[PDB]
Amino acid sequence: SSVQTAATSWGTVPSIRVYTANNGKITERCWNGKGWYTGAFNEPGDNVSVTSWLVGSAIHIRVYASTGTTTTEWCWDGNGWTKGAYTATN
């Protein structure tokens, strides 16, 4: 009966990304040090998790969006979201 969130952060400013699953859709709010704003992530899902890592100064984000028993991985690597290779079996 409530939305479900997932959060990641990087750097020292820092950058924060908060993903919210709400009525089957996942959206993204962003902080880069001076105000929250809406990010470019908008994908179907009833459940979300997230992890991220740096390579040097370059951020890489992985968002795991689940509907039913199907989890779709979404990838940010500095220049657009792409579908990742994650599968739950095989």
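Residues carry their position along the shown sequence, with the first being 1.
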{"property": "Entry-reported Cα temperature factor of residue 59, expressed as the chain third it lands in", "result": "middle"}
{"property": "Third assignment of residue 38 from its chain's C-alpha B-factors", "result": "middle"}
{"property": "Where the record places residue 22 (Cα B-factor, split into thirds across the chain)", "result": "highest"}
{"property": "Position of residue 66 among the chain's modelled residues by C-alpha B-factor, lowest, middle or highest third", "result": "middle"}
{"property": "Among modelled residues of the same chain, the CA temperature factor third for residue 11", "result": "middle"}
